[PDB]
Amino acid sequence: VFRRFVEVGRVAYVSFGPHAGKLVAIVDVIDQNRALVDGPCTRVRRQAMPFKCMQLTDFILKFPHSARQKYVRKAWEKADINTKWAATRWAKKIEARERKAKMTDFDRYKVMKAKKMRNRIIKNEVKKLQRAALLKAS
Amino acid sequence: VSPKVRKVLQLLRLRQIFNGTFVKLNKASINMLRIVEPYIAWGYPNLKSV
Amino acid sequence: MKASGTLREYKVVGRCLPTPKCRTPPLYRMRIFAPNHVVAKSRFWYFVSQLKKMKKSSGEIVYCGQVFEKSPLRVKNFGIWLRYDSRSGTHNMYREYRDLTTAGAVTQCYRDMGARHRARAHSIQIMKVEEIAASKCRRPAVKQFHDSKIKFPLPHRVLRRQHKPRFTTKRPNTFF
Amino acid sequence: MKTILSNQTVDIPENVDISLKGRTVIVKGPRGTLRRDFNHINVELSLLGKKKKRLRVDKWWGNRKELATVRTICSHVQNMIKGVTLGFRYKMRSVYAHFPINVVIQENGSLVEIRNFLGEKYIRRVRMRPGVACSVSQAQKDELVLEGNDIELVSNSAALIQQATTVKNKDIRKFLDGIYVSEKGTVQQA
Amino acid sequence: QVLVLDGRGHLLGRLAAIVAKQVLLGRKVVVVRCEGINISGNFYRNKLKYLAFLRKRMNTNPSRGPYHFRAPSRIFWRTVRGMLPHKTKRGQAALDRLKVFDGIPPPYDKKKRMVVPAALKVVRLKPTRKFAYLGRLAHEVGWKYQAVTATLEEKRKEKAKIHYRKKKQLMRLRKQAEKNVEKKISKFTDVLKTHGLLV
RNA sequence: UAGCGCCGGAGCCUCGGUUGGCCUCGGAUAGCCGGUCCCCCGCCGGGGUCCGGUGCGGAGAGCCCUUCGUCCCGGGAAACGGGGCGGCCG
RNA sequence: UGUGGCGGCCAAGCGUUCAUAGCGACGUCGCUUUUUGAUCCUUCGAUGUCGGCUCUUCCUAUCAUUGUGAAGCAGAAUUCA
RNA sequence: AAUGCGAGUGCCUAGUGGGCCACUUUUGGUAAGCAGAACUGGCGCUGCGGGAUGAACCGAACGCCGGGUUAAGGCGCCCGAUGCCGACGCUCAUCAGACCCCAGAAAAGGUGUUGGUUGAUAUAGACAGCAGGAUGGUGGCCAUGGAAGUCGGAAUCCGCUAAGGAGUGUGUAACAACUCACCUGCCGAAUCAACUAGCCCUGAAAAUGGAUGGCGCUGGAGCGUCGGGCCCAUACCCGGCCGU
RNA sequence: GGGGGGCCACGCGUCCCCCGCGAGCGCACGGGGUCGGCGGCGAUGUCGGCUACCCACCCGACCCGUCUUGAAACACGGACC
RNA sequence: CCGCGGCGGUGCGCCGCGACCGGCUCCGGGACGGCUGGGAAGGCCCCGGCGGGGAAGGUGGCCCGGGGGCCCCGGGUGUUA
Ligand SMILES: [Mg+2]
Ligand SMILES: [Mg+2]
Ligand SMILES: [Mg+2]
Ligand SMILES: [Mg+2]
Ligand SMILES: [Mg+2]
Ligand SMILES: [Mg+2]
Ligand SMILES: [Mg+2]
Ligand SMILES: [Mg+2]
Ligand SMILES: [Mg+2]
Ligand SMILES: [Mg+2]
Ligand SMILES: [Mg+2]
Ligand SMILES: [Mg+2]
Ligand SMILES: [Mg+2]
Ligand SMILES: [Mg+2]
Ligand SMILES: [Mg+2]
Ligand SMILES: [Mg+2]
Ligand SMILES: [Mg+2]
Ligand SMILES: [Mg+2]
Ligand SMILES: [Mg+2]
Ligand SMILES: [Mg+2]
Ligand SMILES: [Mg+2]
Ligand SMILES: [Mg+2]
């Protein structure tokens, strides 16, 4: 059962292509596998785009099927898309993959030390919870 | 290579593949470039090309 | 003609040689679809040699420009009138496409004829392209997109990029 | 061309309780439960409507062969609703010229023995499908009655017992003998 | 140091072609559950395709002729060998690094099995196209051990289910312990958040 | 099983390749995953409800381990912890 | 592949009626190399040249037998597939 | 006139005088890897890259090497190169298809599916699907042993009409018997026919076991139209060395 | 022709139309590479030897002579020295 | 004869490294300008302003139908709310 659809005013995330990693708003459907799309606040010009290169999100903004970039901007700013997208967990893990790639060699050593200590502290509590659960039953 | 075409390719001094030459254009030149048309690729050069 | 890449849409004007008989020939304008202007002039001379009695040596190209799309940011219905050769017989058609540009619609038409009727680009002869209103369309494949509240999902997302995680552990998901 | 959306609709009555696990339709009511699995059709089934009065079948981006399967499901689910509410009854006569077709019923309706078909000494033993009960009826001379909930199983058992009594290496236009399906209907009327 | 590739749901030629390059690249590959491999096209067509292979024997002495192996593992091995220069000593050394099996042998039951998405049915085939299981195809051309392999696979699945429940028990225990020591792991966790490891 | 087998420091030849490990659900794809059991059945398992994630973060785009060494004195963490001999399960 | 053999398409007619159960003129399209031709590429410092006997395997364009469909199939017998 | 190139001339002279193949033109023959011509290019005399293999096909002709780049071909694996998040379509074969020569098919068909051309009728309510009614003249005249709306052939007109025609089916010696067309009944949105063009299927049968080169391939590794990127010949460019 | 930036323009003394030598000093996209730069190992087990002895692997690769349009030929001659 | 002396040439026993210069290549990153229909479109200025139109892939409304706690869905009228 489907939950995200291609309608007029669907926010999509562009996964690859030249405008990769950007949000766009679907303005009209040209063909079976192509939409006229426009991101006013994400620096995307109004252009044709295949459905293969967009990952559609759960954000719906209301504007007519032929309204121009001014009205799509006005609908984007009232719906306040750019902060809700960053508040969603999808952009948080995109930002996490960007941080882990930007991560340097000194940052690698510090993450190494902290992860080692945190893992040892977690494993000690795990062993204590094991022996507590075993001592309660047996 | 056909003999009539060999003679024109020698009068254009194109005796080897990927050889190039400058030819001024008139009726007597277009009617020879038509004879050697499938064997050459000619055109109008830029000043930077020269 | 080889339909290379996407086509560009050219306005080509030509005339005959001024003679003592015809001191000024009428100028003839044509709407050529070609990958470049060198192909466009050759197709102009082909079409005008078919219609009028005028050849490339007996005439000249007065103008050859690429005339652009007046509105490439709205989606339009394009009706294209065809004249093609089959293996046995030659036929006319009317086809409909949805595109932003006229040359993009004609480019789509060339792939459509090659796909469906195995018609090569030298047999295809475009004779009239017209912007068509949505109430004047005829093909149900084009008329089904004339919906103000259009809605569909992407039902079976086949996973592309099959070779960057090439040896993976989790099995791929197609539902999104 | 691919149609964007094709949908059809089954109106479910209030006597029937229906549930779905993906593309597996389960139907429960007065006579029992029927389960049919539809993972080979690749459509979208929706149990919309509060108290589940209505069932909707969707095909998105389908060709002409794929759009034919929608009302096939809408007929199968209606057949299950009809067979759980009213049931299925296949009344069938036996036609003979000289030798009376002797039909006896074994193991509470799950096996049927046919004797004296065209004067033969061979005994045709017909197994029935699980869920179908066969019985010799009354008020008619030579007639059997098949009972069940599944139209597939009932009619397939009727086809089995009809093809059991077939005439070999003769003119079948003249030797019009066998057990033939006469009437298809329900257990109780509507 | 070794690939273990699960054969279930994979297409036979695409999987075999992908294995054939990696095993020529000096890597040890072990392809497991060859009865779960499936072939595009309908089942009767694929059965006829194998029956035409069965009919091709040496007329004067069939003991020297083509060896028609009936196990699914040996069928997949025969497909991989046809994608290799097996009459040369680098091809034979490549064929030595391939190890095909039916079911999951007990070396590879407690080992994690990799998946090739470029050879899977659900990726490389349309959903409205029929396919043929190699296990049933081999069973109907003369593989005798479909029934034994089925019970031995089921007895393994009920055994690995217990391991999965014990693993989920430790997963609930570690997620409980993470909340229990959250006061004292707080300085070590935000430093993992600021470099993208735990966001 | 005949000068041979089984267990507990030295070196000499020869054959070579490698330069951390992943100790595991079943599987579905027009669908999944994990909790919760306040419900209902059982041999902790099975169904349903409910709550969370789903371009998989309880993510292989992943996880674990990470080695310069030793010494003195502290502050975190351990105290149920680190390593060394006989038995029971599987 | 002319010729031989085999198979189609159209259907004027035969079939008491009825083109196509079974056939099929006038035309026309093919297949095969178990017929004879046509050709001369291999072999003239030699490939033992007709049959029959013996023995093995293959083909199907199926005479019989297994399973079947159609008749101008009542049964029996017989045709077509 | 243009373009290009140093030319002219005299002795002596070997080998050859069986040829063959290809685009186009073309003779005889049913045809032939048949026989015989014209033109040009090849093979013979010649290796190299590609066509899996290969006298002649495509590219390109060759001193010994290094670097780079190409042609014709290709880029799932054999096997160098697409492991591009390539584009748009078409196609399911229980005989799929897969690249000049070239190595296997035709007429005729298909309510498989896709795209077109043309003509109808549809809210003055159509195609389905479930009834009435097909007769009065007339059992028409015609030719018959008789053909009565039905076995032949000239004809082919009226009434009542919501309809109804000297008429499409099954049958008798002529009878008897029986139904599409046309009209209303219910129902409420597009429907019907004739052609034509792609892929697939039928037509489609040979002998040792068997060949898109093989493995295999169906969100193609199939067909058509097309993008970038990549592979490499003795070919092209630069450089070294030998010889003329 | 009248009233801020680049110029391979910088003589003096006339007639007249237009109104034959300066020295020096260095730098270098300049007639084909040099360092006025270095580091390791080396006397009974190691250094160099492409070719020549044996073996291994990848790619390529049919036996020569001859007649012939065409030879690896199921065309002839040929055991070896 | 001594010096691990200076300049000039020739070179290292073997294995190696670096520097800059020049020739030939394959790439990458910036920056500047010309032409077109002296680009076509597009952005901002209340829809850039004012006035006049048009109609649908019809927004408000209004009505009709069917599942809801006023919000959705389907159809109809129609010219901007
Ligand atoms: Mg009989
Ligand atoms: Mg004949
Ligand atoms: Mg007759
Ligand atoms: Mg000859
Ligand atoms: Mg001989
Ligand atoms: Mg012999
Ligand atoms: Mg047969
Ligand atoms: Mg000849
Ligand atoms: Mg020569
Ligand atoms: Mg040559
Ligand atoms: Mg070939
Ligand atoms: Mg080279
Ligand atoms: Mg190849
Ligand atoms: Mg040179
Ligand atoms: Mg080789
Ligand atoms: Mg000789
Ligand atoms: Mg000869
Ligand atoms: Mg010769
Ligand atoms: Mg020879
Ligand atoms: Mg031979
Ligand atoms: Mg001789
Ligand atoms: Mg001899």
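Within every chain, numbering begins at 1; the chains are lettered A, B, ... in the order of the sequence lines, protein sequences first and strands thereafter.
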Quiz item: Under a 3.5 Å limit on both distances, do H:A128 and H:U111 form a Watson-Crick or G-U wobble pair?
Solution: no
Exercise. Measure distances between side-chain N and O atoms of C:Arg157 and base N and O atoms of F:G55, and say whether any donor-acceptor pair falls under 3.5 Å.
Key: yes
Quiz item: Can H:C48 and H:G59 be counted as paired, Watson-Crick or G-U wobble, both distances less than 3.5 Å?
Solution: yes
Quiz item: Which way does the sugar of H:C232 pucker, north or south, judged by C1'-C2'-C3'-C4'?
Solution: south
Quiz item: Could you give the CG-to-P distance, from C:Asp99 to H:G89, as a whole number of Å?
Solution: 12 Å
Practice problem: Starting from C1' on H:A197, measure out to CE on C:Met113 and report it in whole angstrom. | Solution: 9 Å
Quiz item: Could you walk me through whether A:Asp38 and A:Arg46 pass the salt bridge (charged side-chain N to carboxylate O under 4.0 Å, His left out) check?
Solution: CA-CA 4 Å; A:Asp38 184 19; A:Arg46 180 175 276 202; 3.4 Å; yes
Quiz item: Would a line drawn from the ring center of C:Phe175 to the ring center of A:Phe2 be shorter than 6.0 Å?
Solution: yes
Practice problem: May I ask whether C:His91 stacks on the base of H:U196, given the cut-offs of 5.5 Å between ring centres and 30° between planes? | Solution: no
Quiz item: Between G:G13 and G:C23, is there a Watson-Crick or G-U wobble pair with both distances below 3.5 Å?
Solution: yes
Quiz item: Just checking: is there a Watson-Crick or G-U wobble pair between G:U28 and G:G5, both distances under 3.5 Å?
Solution: no
Quiz item: If you check every side-chain atom of C:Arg160, which of F:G26, H:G219, F:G76 has the closest atom?
Solution: H:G219
Quiz item: Is any side-chain nitrogen or oxygen of C:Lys149 closer than 4.0 Å to OP1 or OP2 of J:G57?
Solution: no
Exercise. Mind telling me the pucker class of I:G33, north or south, from the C1'-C2'-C3'-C4' torsion?
Key: south
Quiz item: Pucker class of H:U150 from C1'-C2'-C3'-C4', north or south?
Solution: south
Quiz prompt | E:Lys49 NZ - H:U212 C1' separation (whole Å) | solution = 12 Å
Quiz prompt | Residue whose nearest RNA chain J nucleotide is more 5′ - C:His146 or A:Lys62 | solution = C:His146
Quiz item: Is there a side-chain polar atom (N or O) of C:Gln66 under 4.0 Å from OP1 or OP2 of J:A40?
Solution: no
Quiz item: On a whole-Å scale, what distance lies between the P atoms belonging to H:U117 and H:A106?
Solution: 29 Å
Practice problem: Could you tell me whether E:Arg129 contacts a base, only the sugar-phosphate backbone, or nothing, with contacts defined as non-hydrogen atoms closer than 4.0 Å? | Solution: base
Quiz item: F:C63 phosphate, OP1 or OP2: any side-chain N/O from A:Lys100 under 4.0 angstrom?
Solution: yes
Quiz item: By centroid distance (under 5.5 Å) and plane angle (under 30°), are C:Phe68 and J:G37 in a stacked arrangement?
Solution: yes
Quiz item: Are E:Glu158 and E:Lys161 close enough, and set up right, to give a salt bridge (charged side-chain N to carboxylate O under 4.0 Å, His left out), and what steps lead you there?
Solution: CA-CA 5 Å; E:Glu158 48 173 59; E:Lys161 187 68 69 181; over 6 Å; no
Quiz item: Nearest of H:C199, H:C77, F:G55 to any side-chain atom of E:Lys21?
Solution: H:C77
Quiz item: If we require ring centres under 5.5 Å and near-parallel planes under 30°, does A:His65 stack on J:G57?
Solution: yes
Quiz item: Could you go step by step and tell me if C:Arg95 and C:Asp112 meet the salt bridge (charged side-chain N to carboxylate O under 4.0 Å, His left out) rule?
Solution: CA-CA 10 Å; C:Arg95 317 191 59 93; C:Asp112 194 16; 2.7 Å; yes
Exercise. Please confirm whether any donor atom in the side chain of D:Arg23 sits under 3.5 Å from an acceptor in the base of F:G31, or the reverse.
Key: no
Quiz prompt | Watson-Crick or G-U pairing of H:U218 with H:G188, both H-bond distances under 3.5 Å | solution = no
Practice problem: Test if H:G227 is paired with H:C79, treating Watson-Crick and G-U wobble as valid and requiring both distances under 3.5 Å. | Solution: no
Quiz item: H:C78 phosphate, OP1 or OP2: any side-chain N/O from E:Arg90 under 4.0 angstrom?
Solution: no
Self-check item: Donor-acceptor contact present, side-chain C:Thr90 to main-chain C:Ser86, <3.5 Å
Solution: no
Quiz item: Of all the choices, F:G58, H:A2, H:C217, which nucleotide is nearest to the side chain of B:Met32 once you look at every atom?
Solution: H:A2
Exercise. Kindly indicate, with the supporting measurements, whether the criterion salt bridge (charged side-chain N to carboxylate O under 4.0 Å, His left out) is fulfilled by E:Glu178 and A:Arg118.
Key: CA-CA 9 Å; E:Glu178 270 168 74; A:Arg118 173 182 190 275; 3.7 Å; yes
Exercise. Would you confirm whether E:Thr79, through its side chain, and E:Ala16, through its main-chain N or O, come within 3.5 Å as a donor-acceptor pair?
Key: no
Quiz prompt | d(NZ, E:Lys168; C1', F:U24) in whole Å | solution = 14 Å
Self-check item: Pairing nucleotide - G:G2, Watson-Crick or G-U, each distance under 3.5 Å
Solution: G:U36
Quiz item: In terms of the nearest nucleotide of RNA chain J, which residue is placed more toward the 5' end: C:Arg98 or D:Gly49?
Solution: C:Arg98
Practice problem: State whether the distance check finds a donor on one side and an acceptor on the other, under 3.5 Å, for side chain C:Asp112 versus base H:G115. | Solution: no
Quiz item: Should G:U56 and G:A74 count as paired, given that a pair must be Watson-Crick or G-U wobble and both distances must be under 3.5 Å?
Solution: no
Exercise. Ignoring backbone atoms, establish whether A:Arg97 has a side-chain N or O less than 4.0 Å from OP1 or OP2 of F:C56.
Key: yes
Quiz item: Do side-chain atoms of E:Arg113 reach the backbone of E:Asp6 as a donor and acceptor pair under 3.5 angstrom?
Solution: no
Exercise. Send over the distance from E:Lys161 NZ to F:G26 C1', rounded to a whole Å.
Key: 4 Å
Quiz item: Any side-chain N or O of C:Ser148 less than 4.0 Å from the OP1 or OP2 oxygen of J:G58?
Solution: yes
Self-check item: Heavy-atom donor-acceptor pair, E:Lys126 side-chain to H:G219 base, under 3.5 Å
Solution: yes
Exercise. Give a yes or no on whether the backbone of E:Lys184 and the side-chain of E:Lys187 come within a donor-acceptor separation of less than 3.5 Å.
Key: no
Self-check item: J:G13 and I:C41 as Watson-Crick or wobble pair, distances under 3.5 Å
Solution: yes
Exercise. Using the P atom as the reference point in each nucleotide, state the distance between H:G18 and I:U68 in Å, no decimals.
Key: 12 Å
Quiz item: Do F:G82 and F:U67 form a Watson-Crick or G-U wobble pair, with both donor-acceptor distances under 3.5 Å?
Solution: no
Quiz item: Do C:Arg118 side-chain and H:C223 base share a donor-acceptor contact under 3.5 Å?
Solution: yes
Quiz item: H:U184 with H:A131: Watson-Crick or G-U wobble pair, both contacts under 3.5 Å?
Solution: yes
Exercise. Kindly indicate whether the side chain of E:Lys175 and the base of F:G58 share any N or O donor-acceptor pair separated by less than 3.5 Å?
Key: yes
Quiz item: Base, sugar-phosphate alone, or nothing: which one does A:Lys74 contact when heavy atoms must sit under 4.0 Å apart?
Solution: sugar-phosphate
